[PDB]
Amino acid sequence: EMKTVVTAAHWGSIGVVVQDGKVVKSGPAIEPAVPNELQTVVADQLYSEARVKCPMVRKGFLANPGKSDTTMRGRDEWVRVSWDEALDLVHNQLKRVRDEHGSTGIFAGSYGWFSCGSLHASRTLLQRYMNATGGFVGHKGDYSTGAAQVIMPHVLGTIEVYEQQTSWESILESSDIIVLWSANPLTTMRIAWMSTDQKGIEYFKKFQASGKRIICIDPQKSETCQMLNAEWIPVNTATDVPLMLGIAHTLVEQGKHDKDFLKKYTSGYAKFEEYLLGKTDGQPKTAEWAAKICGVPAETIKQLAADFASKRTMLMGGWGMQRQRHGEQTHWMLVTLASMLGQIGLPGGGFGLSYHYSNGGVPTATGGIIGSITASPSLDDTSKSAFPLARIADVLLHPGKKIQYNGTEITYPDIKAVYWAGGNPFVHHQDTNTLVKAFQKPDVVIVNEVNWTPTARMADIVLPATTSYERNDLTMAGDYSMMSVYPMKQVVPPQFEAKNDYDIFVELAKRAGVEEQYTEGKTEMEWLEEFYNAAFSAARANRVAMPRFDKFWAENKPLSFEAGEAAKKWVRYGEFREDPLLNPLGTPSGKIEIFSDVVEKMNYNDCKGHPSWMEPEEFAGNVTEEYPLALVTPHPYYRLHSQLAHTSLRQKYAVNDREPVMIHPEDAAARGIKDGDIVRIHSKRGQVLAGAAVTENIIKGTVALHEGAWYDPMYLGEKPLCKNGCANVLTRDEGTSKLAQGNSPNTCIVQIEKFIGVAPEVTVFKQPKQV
């Protein structure tokens, strides 16, 4: 009559209370250091009226499958169909593309975060089906570190951003200063790719409790800065390279840089110093020069230099500052600065590029790691067609176009079919109006979705998918500690006519005659036992005993491992520092590449051989009369991107039923805007409505609109107005540079005005037309 079921999500292990077959409460299965409200809305996710309840097809698509008026996408009426008919239609439409163009005509990169779980990984299951039927065009990189993950291999010989960090125990014991540079961990570590072990936030609180210095360098006084009682250094968005250069110049000018470290562990510093001192362009990159650009007073720049060089300092760089034009320069320069400080490889010293993401630094436990489903079941030349994924709109609009990327050339393919399963590009991709046009080009657009997202509303065929709570699965506490195996026990039966993505793709696999290769003859629970036994065997090899799967599953509790002393004491780059000749980096020199011949020899206009300041098209430094404010689009506290936007958590932040925009009181007063007013934000790309949140917690001249609000266009006969405040309606869709071609949202300027009139009803969380 009343039971508690343990399952999990990106936002942690979750206990779910079921009362007479209905979910009535959800919360942490393991008490966290800071409450995580994301864990409390399982019932909202299960029973929401925004859920896709039945297979649906666009009316105009039904009239002429694969030959419709595609300008009707997003505008049409929806027809309920049976699963039989929808699956026959999907199979037929994909087969037509394969028959006429082959695998290069299908895009199934399907970027998204979907839900955690080893088996029910909607994106992987889609790609497993696509590969079982001949292949598909995928993508390269990701939206999180599109720039940093390309430049760091050139500088450090490794991807760096998704690797274990120096142990938090070492930071607690030895760091005098931690600098949160474009990092908001008390927001961004409420989730992990698997399931957050919740220990990263705890360690930040332990460091706060030590009383040692925490510095936040950010255009906003973030949730982290406020909750950790930290020192706020306001900085203009996209001006961190000038600030780092000013700090670097001060170090040289005062003889505080570590010349011994630079000599032994880096390559090309001299070429960089010539630029730093103004010997190549005639402009020394002084603190006074930097202050004009980044808004940090020159004397504050100098004191940071002195404090960093005299105290054991860990530079924790987040990723907002590389999600922008020339983003490659920021973490390149951060590494360069850390090299000049000379503390890389010391306890509590150096830099880290994942202390803000998925609990980096939490000591790695000794245990086992479960398996998971792959896209490889057991003529396809799509590898050459993969492109940097943020070029998606460019690809759909310009088939055959060639671009430069990381020293090579890529030719866009000719995409006829788009299948998304577990992502929301009409919220996550930049310049939404251009994406609308791009999605008119494919012959067929298919979406598996839990809810009626803006992406589903732009499709031809929408298939209802289940949540994690309607199926069984396994995940880990992570993403680096690997300290627990979390069970994901089914809480309720599938709702409405929703199906697990697994079952959707089994049915399509049957229609193509590849069911056996897809399922491998296994049931849901047989898949999970196999994944579990992979961890069982690895734990055994590590001298750790685990219960049998059936015992583990019956207990329905997290199974946790312990970290040993080696993990608790581990220092990143410690071996390199001990002996760089015997422990070289995977770079051409074997050292830190402050100057990279490889990058220089590419001869790109927007990326030189060493870190440099290159003014972007739009930022605080070149706002105009027409667009006098700069924009930054940080990640939200009460959503995972667009996930949970439809839940009761919306009431915790919506202002006048719009996404809130942080605006400085001086910029608000100049516009007659008071707290709580609906405002109109517009750029050269589009216009959205938001709710004014007037606050000194944002640097003057800049406004912050969090990413992830559901695009809700108001069609009034054109770049229609978003009624809800989707940030990417406003952003530029362009590569960071020819090196990485990452996405560049956070270099943007806008205008804001008080909205006069009656506020449009927000309709994007309700069933669409003709359900």
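The numbering used is simple: start at 1 and walk along the sequence shown.
**Q** For the step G717 to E718, what size class fits the number of deposited residues with no coordinates, none, 1 to 3, 4 to 9, or 10 or more?
**A** Unmodelled stretch: 1 to 3 residues, a short break.
**Q** Using what the record says, work out whether there is a hole in the model between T408 and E409 and how many deposited residues it spans (none, 1 to 3, 4 to 9, 10 or more).
**A** In the record, the chain runs straight from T408 to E409 with none unmodelled.
**Q** Comparing 624-632 with 360-368, which has the greater mean CA B-factor as deposited?
**A** Comparing 624-632 with 360-368, the higher average CA B-factor belongs to 624-632.
**Q** Between 277-285 and 467-475, which has the higher average C-alpha B-factor in the PDB entry?
**A** Comparing 277-285 with 467-475, the higher average CA B-factor belongs to 277-285.
**Q** Have a look at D76, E328, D503, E593 and flag the one whose Cα has the highest B-factor in the entry.
**A** Going by the entry's C-alpha B-factors, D76 comes out highest.
**Q** Have a look at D606, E202, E449, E223 and flag the one whose Cα has the highest B-factor in the entry.
**A** The listed residue with the largest C-alpha B-factor is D606.
**Q** Using only modelled residues of the chain, where does the Cα B factor of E31 rank: lowest third, middle third or highest third?
**A** Its C-alpha B-factor, which the entry lists for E31, ranks in the highest third among residues of this chain.
**Q** Place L46 in the lowest, middle or highest third of its chain's C-alpha B-factors, as listed in the PDB entry.
**A** For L46, whose C-alpha B-factor we compare with every modelled residue in the chain, the answer is the lowest third.
**Q** Just say lowest, middle or highest third for the CA B-factor of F272 relative to the other modelled residues in its chain.
**A** Answer is highest: the recorded C-alpha B-factor places it there.
**Q** What third of its chain, lowest, middle or highest, does the C-alpha temperature factor of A9 fall into?
**A** Tercile = lowest for this residue's CA B-factor.
**Q** Tell me, lowest, middle or highest third: where does the Cα B factor of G105 rank within its chain?
**A** Tercile = middle for this residue's CA B-factor.
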